[PDB]
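A quick write-up on the structure given underneath.
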Amino acid sequence: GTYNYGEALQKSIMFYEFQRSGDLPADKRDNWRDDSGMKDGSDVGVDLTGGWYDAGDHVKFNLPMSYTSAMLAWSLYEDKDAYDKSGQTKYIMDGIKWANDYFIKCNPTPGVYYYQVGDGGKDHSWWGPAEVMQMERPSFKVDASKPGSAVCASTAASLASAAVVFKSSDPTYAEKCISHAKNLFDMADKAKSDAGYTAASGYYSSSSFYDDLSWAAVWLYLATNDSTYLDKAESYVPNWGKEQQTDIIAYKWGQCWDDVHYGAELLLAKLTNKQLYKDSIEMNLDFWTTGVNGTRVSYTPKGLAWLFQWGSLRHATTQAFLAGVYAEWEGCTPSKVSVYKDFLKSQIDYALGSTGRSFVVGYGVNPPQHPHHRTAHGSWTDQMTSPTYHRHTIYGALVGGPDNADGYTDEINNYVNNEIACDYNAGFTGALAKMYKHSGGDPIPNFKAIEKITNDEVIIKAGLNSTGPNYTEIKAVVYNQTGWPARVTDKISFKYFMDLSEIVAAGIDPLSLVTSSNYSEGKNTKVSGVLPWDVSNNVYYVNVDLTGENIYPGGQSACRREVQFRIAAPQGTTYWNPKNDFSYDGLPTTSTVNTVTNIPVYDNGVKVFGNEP
Amino acid sequence: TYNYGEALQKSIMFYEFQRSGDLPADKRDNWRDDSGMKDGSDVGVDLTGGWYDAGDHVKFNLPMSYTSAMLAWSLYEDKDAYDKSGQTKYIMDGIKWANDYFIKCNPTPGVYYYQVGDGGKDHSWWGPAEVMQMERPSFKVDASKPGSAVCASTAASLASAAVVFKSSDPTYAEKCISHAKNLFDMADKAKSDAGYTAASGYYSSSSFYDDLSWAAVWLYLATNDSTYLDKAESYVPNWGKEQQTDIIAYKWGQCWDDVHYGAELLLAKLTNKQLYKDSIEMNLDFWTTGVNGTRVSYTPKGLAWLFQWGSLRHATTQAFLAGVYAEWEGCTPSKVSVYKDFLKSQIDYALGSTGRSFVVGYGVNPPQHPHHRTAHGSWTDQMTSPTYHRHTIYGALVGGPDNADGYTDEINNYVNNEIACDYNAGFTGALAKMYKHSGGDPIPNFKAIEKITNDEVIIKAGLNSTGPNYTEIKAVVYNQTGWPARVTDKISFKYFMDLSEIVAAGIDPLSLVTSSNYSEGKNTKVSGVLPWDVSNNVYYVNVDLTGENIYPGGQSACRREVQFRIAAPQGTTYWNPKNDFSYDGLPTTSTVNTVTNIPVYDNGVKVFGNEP
Ligand SMILES: OC[C@H]1O[C@@H](O[C@H]2[C@H](O)[C@@H](O)[C@H](S[C@H]3[C@H](O)[C@@H](O)[C@H](O[C@H]4[C@H](O)[C@@H](O)[C@H](S)O[C@@H]4CO)O[C@@H]3CO)O[C@@H]2CO)[C@H](O)[C@@H](O)[C@@H]1S
Ligand SMILES: OC[C@H]1O[C@@H](O[C@H]2[C@H](O)[C@@H](O)[C@H](S[C@H]3[C@H](O)[C@@H](O)[C@H](O[C@H]4[C@H](O)[C@@H](O)[C@H](S)O[C@@H]4CO)O[C@@H]3CO)O[C@@H]2CO)[C@H](O)[C@@H](O)[C@@H]1S
Ligand SMILES: [Ca+2]
Ligand SMILES: [Ca+2]
Ligand SMILES: [Ca+2]
Ligand SMILES: [Ca+2]
Ligand SMILES: [Mg+2]
Ligand SMILES: [Mg+2]
Ligand SMILES: [Mg+2]
Ligand SMILES: [Mg+2]
Ligand SMILES: [Mg+2]
Ligand code: NI
């Protein structure tokens with residue numbers, strides 16, 4: 001049971017690059033993600049482009065998004081040596097900056113914070129790649145009158161933690177992050193309410209904000225060194241959730257997007273050395289390991305600390321991270337250090353392959369093949385079932401995980417065991433960095449996700465629609481099956497080649513033949529008259545132009561354009577011979593079209609599919 | 001402000017968890033059992049019983065008798081509090097538990113066993129009382145080797161017990177008196193602690209005239225024979241004085257080593273002489289308002305702090321004496337409220353006035369790591385494992401904070417976090433008085449039947465070595481018993497296989513060869529292949545550990561490793577471990593892990609794992 005923690009780490013970081021929204025950098029290392037959500041914020045007149053899509057959807061939910069970047073920054077703060085040695089420092093910093101540059105955009109003026117872009121209902125009702133989304137993507141904000149303490153504080157924490165890890169390499173950016181972190185924190189602190197945080201209801205409803213206030217205050221303290229914030233962080237503790245039948249700080253759950261008091265108390269213990277926080281975090285970690293006060297988290301037969309049905313791996317690997325960080329602190333109860341470090345490894349190893357298979361996409365043995373993800377799947381027909389395989393490998397994604405009995409099924413709509421999301425990989429990345437520091441495992445040098453194109457991106461299918469002594473009528477259908485990256489193809493055209501030697505010999509002008517279209521989709525489709533290709537050899541063709549048609553891989557009608565065209569010799573004549581026409585050879589009889597390779601398709605004049613005579 | 005009745009109830013219960021010997025069937029806990037069952041066997045005397053002193057298992061009669069004497073004093077002073085709280089039965093059972101033991105320790109006139117167990121050997125092992133393996137020698141005093149303090153302290157315990165048992169059990173009261181008289185005679189004739197040596201380093205005595213007066217006072221109350229009152233008073237000029245003065249010491253407090261405080265309090269009530277009234281009030285004043293420019297230290301949060309060791313023990317004991325004296329008609333009127341305020345303030349500090357309780361299993365945020373072997377319940381002779389106490393020793397008052405209220409709840413801090421008999425003695429009496437004054441209902445029908453929080457007996461296994469014709473298993477059984485901790489000498493386990501392939505090969509499953517390369521216990525017996533459910537071709541290998549002295553008291557002690565193999569004829573290739581029930585999930589390495597398909601039995605009863 002040996003696992004390459006370095007490779008797992010580099011892939012977990014790369015996962016977020018695949019989640020990026022906005023104007024993607026020229027230096028990206030994949031060939032399947034491209035610009036998307038480019039009009040984000042346009043509905044309110046604010047540039048809100050950037051950030052990460054939440055899960056297998058394209059909504060930008062700022063609570064889990066900010067929780068994610070705050071956790072990544074925490075990891076970099078605790079283990080920079082791991083990121084430097086593994087050569088991954090540059091990549092995680094770029095990811096941290098990607099999320100935070102967007103949060104800065106979301107705080108355009110003091111007192112205003114945009115916390116979501118996209119409508120859950122509108123976004124989830126379409127199954128296709130991010131690059132060609134066609135639906136409205138509304139922007140939502142909170143302010144003094146419509147407060148969002150949890151999301152504002154979670155974002156302040158992300159910005160503040162970003163400042164901590166960026167201060168050394170670029171103080172100006174760190175300074176800017178702190179400025180926005182302070183405003184968002186003040187908004188959250190004064191309001192003490194999530195009343196205005198409504199667009200995320202049912203997706204990321206907030207069940208607490210005092211935890212976020214402490215978490216944000218702790219990070220502002222670390223970024224500014226102003227104890228004002230440390231006092232504030234401690235002041236919220238009495239208001240944190242407690243254990244039902246006692247008056248003790250809650251300890252039977254774990255660090256997650258909705259509950260960050262575990263991370264806050266862990267850091268408060270390290271920063272103040274106060275018994276209360278040491279007792280609290282150890283009660284939580286003990287519950288996750290050896291058990292405490294006659295209570296322990298459930299464990300699957302195969303060794304996974306199982307909190308509950310949704311994202312079991314997410315919870316276990318996040319706790320593994322906290323256990324690892326706390327175990328290295330001098331204040332940790334000496335007798336628990338080994339228990340905590342063993343827990344860190346056991347849970348991470350479960351995710352990586354201890355049961356005989358990996359739960360990380362594109363990593364290890366038998367990794368998940370069908371994670372619930374729209375863009376990685378790459379349907380061009382708005383169907384979760386087509387194609388029957390994922391066209392892209394979204395490296396590093398940690399799936400939800402098995403049930404309490406280690407039961408797991410790899411299906412695209414097992415939206416409970418196979419979901420993937422930013423928050424699922426956040427603590428995981430931190431735990432991996434800690435294990436790499438402990439046990440190594442070499443990352444793949446200069447790793448990239450430049451995929452081989454596995455299906456022809458723009459094709460054409462054709463068949464004989466009608467025939468007569470003086471004519472041939474073809475039914476052709478062009479299909480946009482683009483995926484590298486998925487894209488609108490509005491400059492497509494195709495050519496139908498004929499040998500008109502028989503027309504010339506009959507004493508008829510080959511360029512005089514009547515071309516026509518019985519039917520076609522698209523206001524712009526244009527069928528040319530007969531044009532010369534290689535006159536010396538009597539080869540001519542008909543050009544069918546679809547330029548202007550916004551064909552995109554987002555539905556049956558969307559991805560295609562059918563065009564029926566005919567070429568006719570004079571009425572009443574019988575010398576027309578389609579049998580010596582290049583494009584007629586092997587042409588499917590009947591109108592039941594089949595893919596053909598002798599009716600070449602061009603993209604902006606460049607042949608991309610099929611052959612010429 | 002606090003529930004004094006519940007506190008009182010649990011403080012009494014504390015002693016039940018300290019009990020050594022053959023425990024009663026009416027026991028209200030499921031984690032303590034018979035222990036120290038051979039106590040006295042080295043001298044041919046049944047010396048079983050009594051209370052273990054602190055977080056250890058030595059029976060130190062000086063603090064033990066001080067404790068029971070103080071508990072009886074409380075019952076004598078406040079029977080009405082015990083009756084109303086419905087705890088009378090429980091404190092009387094405790095008082096009798098200690099005194100029945102002291103009686104056993106006085107087997108013949110002039111002979112007194114004052115200790116069972118050796119501090120050095122007892123403290124060198126960290127585990128539950130029920131499975132102690134070390135020798136526990138008995139020690140005695142007699143005319144040639146005297147122990148005046150321990151003999152008189154025991155006489156006081158027995159005589160005070162007689163006073164409170166006289167009404168309900170006059171015969172036992174007489175029994176206690178008979179023995180009290182003999183031990184006091186021993187102490188009075190000898191006037192020396194020269195032979196009291198086995199407790200050196202733990203409870204060495206620094207005075208015995210105080211014990212002589214304390215015993216004489218109780219013998220007088222028990223017998224009404226003026227002879228004893230005269231003796232009690234005759235020892236006063238021999239009590240320790242305050243340095244450079246002829247003043248009876250007043251700057252310390254009532255405790256196992258110095259009982260002149262309790263003796264003078266009682267002598268004041270019994271004789272009304274000014275000498276005694278002045279002396280006890282000088283002590284109480286020193287502890288409250290201060291006196292002659294001197295006063296005990298107080299912590300910022302209100303704790304009268306006497307000494308680093310057991311600060312709570314001293315403060316709550318003085319609280320008890322203050323309460324008793326304050327109620328007496330002879331107490332200076334103006335000091336009555338002062339003394340009663342002190343009683344409440346010191347008790348409230350112990351119960352939770354600083355924001356947390358210093359009483360195990362009581363109030364808000366009580367101590368979780370008291371220095372106590374059996375409550376912790378380690379099965380590996382490790383103070384550090386497990387990292388939490390497997391049992392809740394209700395009522396135990398911890399040592400207490402430093403002079404700045406600093407307190408660290410950790411198992412290894414035996415100075416501020418140990419618990420002991422004497423720590424709860426005066427405490428119990430002060431609690432009875434607070435209950436009488438402010439109430440607080442005890443918990444109805446309270447018992448300490450805990451849920452089993454860890455599998456008491458488990459087995460871990462792994463694949464030792466394999467082959468095309470065999471499977472070799474390495475398994476380790478572990479005794480992690482705690483309810484109660486116990487020797488598991490009737491343990492066995494079964495390894496199940498499906499031998500359909502053997503039958504199909506024309507071979508007799510019962511002919512396969514079983515063997516063992518390594519075995520930890522000398523009684524380990526690995527059977528040949530046996531039938532279990534032949535209808536489904538299920539056979540098994542039975543591994544019997546019966547006879548093994550497996551106990552929760554050490555890394556090697558609690559476990560037994562067994563490596564066994566089952567093999568088909570050499571050269572054959574039909575052996576298939578995959579359809580074997582016990583092979584499923586088996587760690588494919590010599591590194592073992594907890595498994596649930598190799599069931600463990602205790603006297604034939606399956607206690608861990610599943611069968612096919
Ligand atoms: O009281 C117990 C603890 O509850 C914690 O709160 C829980 C809450 O009780 C529970 O219902 C949700 S389930 C939640 C899941 O955690 C998210 O990861 C998941 O995300 C969805 C997203 O909503 C979808 O839009 C996309 S398509 O898929 C992702 C897949 O993950 O949504 C689920 C439903 O909202 O989790 C809460 C957090 O753990 C409290 O935080 C804790 O304090 C207490 S003790
Ligand atoms: O000089 C001032 C007064 O001294 C009194 O005598 C003191 C003595 O000087 C002092 O050393 C001890 S400290 C002692 C403590 O009292 C015990 O309760 C404690 O018990 C230990 C036990 O020894 C261990 O075997 C077990 S595992 O743990 C328990 C934990 O409590 O041991 C401590 C060290 O031996 O206290 C004496 C009594 O107060 C005189 O009695 C007094 O007259 C004078 S004025
Ligand atoms: Ca929260
Ligand atoms: Ca032709
Ligand atoms: Ca003495
Ligand atoms: Ca078999
Ligand atoms: Mg660009
Ligand atoms: Mg570090
Ligand atoms: Mg603790
Ligand atoms: Mg019995
Ligand atoms: Mg079978
Ligand atoms: Ni598949």
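Letters A, B, ... go to the chains of the structure tokens in the order shown; residues in each chain start at 1; ligands are counted from 1 in the same order.
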- request: Name the residues of range 104-251 of chain B that fall into strand (DSSP E or B) according to DSSP on the backbone, using the chain letters and numbers of this document, as a ChimeraX atom specification.
  value: /B:112-116,138-142,145,241,248
With C-alpha atoms kept, could you save the residues just selected as a tab-separated table (two decimals), in the first residue's frame?
chain	number	residue	atom	x	y	z
B	112	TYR	CA	-2.32	-4.58	64.54
B	113	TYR	CA	-1.70	-4.83	60.79
B	114	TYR	CA	-1.43	-1.25	59.57
B	115	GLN	CA	-0.76	-1.74	55.88
B	116	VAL	CA	-1.28	-4.12	53.00
B	138	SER	CA	1.17	-7.14	55.21
B	139	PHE	CA	2.85	-5.05	57.91
B	140	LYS	CA	2.11	-4.96	61.64
B	141	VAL	CA	2.90	-3.11	64.84
B	142	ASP	CA	2.90	-4.52	68.38
B	145	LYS	CA	7.44	-2.25	67.22
B	241	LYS	CA	3.04	24.43	69.46
B	248	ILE	CA	-0.99	25.25	70.56
Proximity of chain A to ligand 1: per-residue shortest pair, 9 Å limit, only C-alpha atoms and all ligand atoms, as CSV:
residue,atom,partner,partner_atom_place_in_ligand_line,distance
A:54,CA,ligand 1,26 (C),7.2
A:55,CA,ligand 1,26 (C),5.7
A:56,CA,ligand 1,27 (S),6.1
A:57,CA,ligand 1,27 (S),5.9
A:58,CA,ligand 1,27 (S),9.0
A:59,CA,ligand 1,25 (O),8.0
A:61,CA,ligand 1,25 (O),8.5
A:64,CA,ligand 1,18 (O),8.6
A:120,CA,ligand 1,25 (O),6.9
A:124,CA,ligand 1,27 (S),7.4
A:200,CA,ligand 1,23 (O),8.2
A:201,CA,ligand 1,35 (O),8.0
A:202,CA,ligand 1,35 (O),5.3
A:203,CA,ligand 1,23 (O),3.3
A:204,CA,ligand 1,35 (O),5.0
A:205,CA,ligand 1,35 (O),6.4
A:206,CA,ligand 1,41 (O),7.7
A:207,CA,ligand 1,41 (O),6.1
A:208,CA,ligand 1,41 (O),7.2
A:241,CA,ligand 1,43 (O),6.9
A:242,CA,ligand 1,45 (S),8.4
A:243,CA,ligand 1,45 (S),8.0
A:250,CA,ligand 1,45 (S),6.6
A:251,CA,ligand 1,45 (S),7.5
A:252,CA,ligand 1,45 (S),6.3
A:253,CA,ligand 1,45 (S),4.9
A:254,CA,ligand 1,42 (C),7.5
A:255,CA,ligand 1,39 (O),8.2
A:256,CA,ligand 1,39 (O),6.0
A:257,CA,ligand 1,38 (C),6.6
A:258,CA,ligand 1,41 (O),4.5
A:259,CA,ligand 1,41 (O),4.5
A:260,CA,ligand 1,41 (O),8.3
A:261,CA,ligand 1,43 (O),8.6
A:309,CA,ligand 1,13 (S),8.5
A:310,CA,ligand 1,15 (C),5.8
A:311,CA,ligand 1,31 (O),6.3
A:314,CA,ligand 1,18 (O),8.4
A:315,CA,ligand 1,39 (O),8.3
A:372,CA,ligand 1,27 (S),8.5
A:373,CA,ligand 1,27 (S),8.9
A:400,CA,ligand 1,31 (O),7.3
A:415,CA,ligand 1,28 (O),7.4
A:416,CA,ligand 1,30 (C),7.2
A:418,CA,ligand 1,30 (C),8.9
A:419,CA,ligand 1,30 (C),5.6
A:420,CA,ligand 1,30 (C),6.6
A:421,CA,ligand 1,31 (O),6.2
A:422,CA,ligand 1,31 (O),8.9
A:423,CA,ligand 1,18 (O),7.4
A:424,CA,ligand 1,31 (O),7.5
field: Contacts with ligand 8 at most 12 Å, only C-alpha atoms and all ligand atoms counted, listed as number ranges by chain
entry: A: 74-84, 324-329, 430, 433-434, 437-438
Near chain A, which residues of chain B fall within 10 Å when you count only C-alpha atoms, and what do they look like as a compact mmCIF listing (two decimals) with N, CA and C atoms, in the first residue's frame?
# COMPACT_ATOMS: atom_id res chain seq x y z
N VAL B 364 -20.22 21.63 36.13
CA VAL B 364 -19.74 22.09 34.85
C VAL B 364 -18.26 21.83 34.64
N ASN B 365 -17.94 21.22 33.50
CA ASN B 365 -16.56 20.94 33.13
C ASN B 365 -15.71 20.30 34.24
N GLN B 368 -11.35 15.50 33.99
CA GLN B 368 -11.50 14.31 33.16
C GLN B 368 -10.32 13.37 33.27
N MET B 383 0.23 5.07 31.48
CA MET B 383 -0.57 6.18 31.98
C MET B 383 -1.13 6.99 30.81
N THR B 384 -0.46 6.90 29.66
CA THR B 384 -0.82 7.64 28.46
C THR B 384 -1.80 6.95 27.50
N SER B 385 -2.10 5.68 27.74
CA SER B 385 -3.01 4.94 26.86
C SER B 385 -4.01 4.11 27.66
N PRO B 386 -5.32 4.27 27.39
CA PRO B 386 -5.89 5.18 26.40
C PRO B 386 -5.72 6.64 26.80
N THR B 387 -6.02 7.54 25.87
CA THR B 387 -5.87 8.98 26.10
C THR B 387 -7.03 9.61 26.86
N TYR B 388 -7.92 8.79 27.41
CA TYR B 388 -9.07 9.27 28.15
C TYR B 388 -9.37 8.23 29.23
N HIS B 389 -10.11 8.62 30.27
CA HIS B 389 -10.46 7.68 31.34
C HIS B 389 -11.64 6.81 30.93
N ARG B 390 -11.47 5.50 31.02
CA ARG B 390 -12.54 4.62 30.63
C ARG B 390 -13.72 4.64 31.60
N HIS B 391 -13.49 5.10 32.82
CA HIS B 391 -14.55 5.15 33.83
C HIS B 391 -14.65 6.51 34.51
N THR B 392 -15.84 6.80 35.05
CA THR B 392 -16.08 8.05 35.75
C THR B 392 -16.14 7.75 37.24
N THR B 408 -4.13 22.34 36.08
CA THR B 408 -3.91 21.59 34.84
C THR B 408 -4.51 20.19 34.98
N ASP B 409 -5.62 19.94 34.30
CA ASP B 409 -6.26 18.63 34.37
C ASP B 409 -5.54 17.61 33.48
N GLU B 410 -4.52 16.97 34.03
CA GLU B 410 -3.78 15.95 33.29
C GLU B 410 -3.48 14.82 34.25
N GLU B 450 -22.00 1.82 33.62
CA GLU B 450 -21.55 2.47 32.40
C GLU B 450 -21.74 1.62 31.15
N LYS B 451 -21.82 2.29 30.01
CA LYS B 451 -21.93 1.59 28.75
C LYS B 451 -20.52 1.11 28.41
N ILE B 452 -20.41 -0.07 27.80
CA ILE B 452 -19.11 -0.59 27.40
C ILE B 452 -18.68 0.30 26.24
N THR B 453 -17.59 1.05 26.41
CA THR B 453 -17.13 1.95 25.36
C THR B 453 -16.06 1.42 24.41
N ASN B 454 -15.59 0.20 24.64
CA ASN B 454 -14.63 -0.40 23.72
C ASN B 454 -14.78 -1.91 23.77
N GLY B 585 -11.10 -10.02 3.27
CA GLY B 585 -10.62 -8.76 3.81
C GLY B 585 -9.37 -8.89 4.66
N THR B 594 -7.42 -5.26 13.11
CA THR B 594 -8.65 -5.77 13.71
C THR B 594 -9.53 -6.42 12.63
N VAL B 595 -9.94 -7.65 12.87
CA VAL B 595 -10.78 -8.36 11.90
C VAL B 595 -12.07 -8.82 12.57
N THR B 596 -13.15 -8.93 11.79
CA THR B 596 -14.43 -9.34 12.35
C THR B 596 -14.95 -10.70 11.86
- request: Find the residues near range 449-458 of chain A: any atom within 7 Å, counting only C-alpha atoms, skip ones fewer than 6 places away on the same chain, and give them as number ranges by chain.
  value: A: 29-31, 479-484, 609
Serialized selection, N, CA and C atoms, as a PDB file, in the first residue's frame:
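Okay, part07.pdb is ready:
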ATOM      1  N   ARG A  29      -2.467  24.962 -19.054  1.00  0.00           N
ATOM      2  CA  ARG A  29      -1.884  23.693 -19.477  1.00  0.00           C
ATOM      3  C   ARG A  29      -2.862  22.584 -19.867  1.00  0.00           C
ATOM      4  N   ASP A  30      -3.978  22.961 -20.474  1.00  0.00           N
ATOM      5  CA  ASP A  30      -4.954  21.971 -20.922  1.00  0.00           C
ATOM      6  C   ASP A  30      -5.457  22.481 -22.265  1.00  0.00           C
ATOM      7  N   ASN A  31      -6.094  21.614 -23.043  1.00  0.00           N
ATOM      8  CA  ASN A  31      -6.623  22.024 -24.339  1.00  0.00           C
ATOM      9  C   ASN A  31      -8.137  21.803 -24.411  1.00  0.00           C
ATOM     10  N   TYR A 479     -22.560  18.263 -38.010  1.00  0.00           N
ATOM     11  CA  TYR A 479     -22.659  18.185 -36.550  1.00  0.00           C
ATOM     12  C   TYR A 479     -21.436  18.774 -35.871  1.00  0.00           C
ATOM     13  N   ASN A 480     -21.691  19.635 -34.894  1.00  0.00           N
ATOM     14  CA  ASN A 480     -20.641  20.249 -34.097  1.00  0.00           C
ATOM     15  C   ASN A 480     -20.513  19.328 -32.882  1.00  0.00           C
ATOM     16  N   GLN A 481     -19.402  18.593 -32.810  1.00  0.00           N
ATOM     17  CA  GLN A 481     -19.136  17.685 -31.693  1.00  0.00           C
ATOM     18  C   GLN A 481     -17.838  18.154 -31.024  1.00  0.00           C
ATOM     19  N   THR A 482     -17.627  19.470 -31.027  1.00  0.00           N
ATOM     20  CA  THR A 482     -16.411  20.062 -30.472  1.00  0.00           C
ATOM     21  C   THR A 482     -16.234  19.810 -28.984  1.00  0.00           C
ATOM     22  N   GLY A 483     -14.985  19.654 -28.557  1.00  0.00           N
ATOM     23  CA  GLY A 483     -14.721  19.412 -27.154  1.00  0.00           C
ATOM     24  C   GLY A 483     -13.352  19.888 -26.700  1.00  0.00           C
ATOM     25  N   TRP A 484     -12.507  20.276 -27.652  1.00  0.00           N
ATOM     26  CA  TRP A 484     -11.139  20.711 -27.331  1.00  0.00           C
ATOM     27  C   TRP A 484     -10.755  22.096 -27.870  1.00  0.00           C
ATOM     28  N   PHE A 609     -12.476  18.067 -41.902  1.00  0.00           N
ATOM     29  CA  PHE A 609     -13.006  16.712 -41.948  1.00  0.00           C
ATOM     30  C   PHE A 609     -13.240  16.262 -43.386  1.00  0.00           C
TER      31      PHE A 609
END
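Residues of protein, DNA or RNA having any atom at most 8 Å from ligand 4, counting only C-alpha atoms and all ligand atoms, are residues 498, 499, 500, 501, 502, 503, 576, 577, 578, 579, 580 and 581 of chain A.
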Just the residues within 8 Å of residue 130 in chain A, please, counting only C-alpha atoms, with nothing from its chain fewer than 6 positions along; format it as a compact mmCIF listing (two decimals) with C-alpha atoms, in the first residue's frame.
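result-v5.txt, written as the output of this step:
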# COMPACT_ATOMS: atom_id res chain seq x y z
CA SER A 36 -16.66 31.02 -20.35
CA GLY A 37 -19.04 33.14 -18.23
CA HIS A 58 -21.53 26.39 -13.63
CA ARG A 374 -20.85 18.76 -17.25
CA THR A 375 -17.70 20.06 -18.93
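Near range 223-237 of chain A, within 9 Å and counting only C-alpha atoms, sit residues 160, 161, 162, 163, 164, 165, 167, 174, 178, 210, 211, 213, 214, 215, 216, 217, 218, 219, 220, 240, 241, 249, 261, 264, 265, 268 and 271 of chain A, not including residues fewer than 3 positions from it in the same chain.
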One-decimal distance in Å that lies between CA of residue 173 in chain A and CA of residue 100 in chain A: 10.1 Å
- request: Report as a VMD selection string: the residues of range 200-431 of chain A with a DSSP assignment of alpha helix (DSSP H), based on the backbone of this structure.
  value: chain A and resid 210 to 224 227 to 235 261 to 272 275 to 288 312 to 328 337 to 352 374 to 377 422 to 431
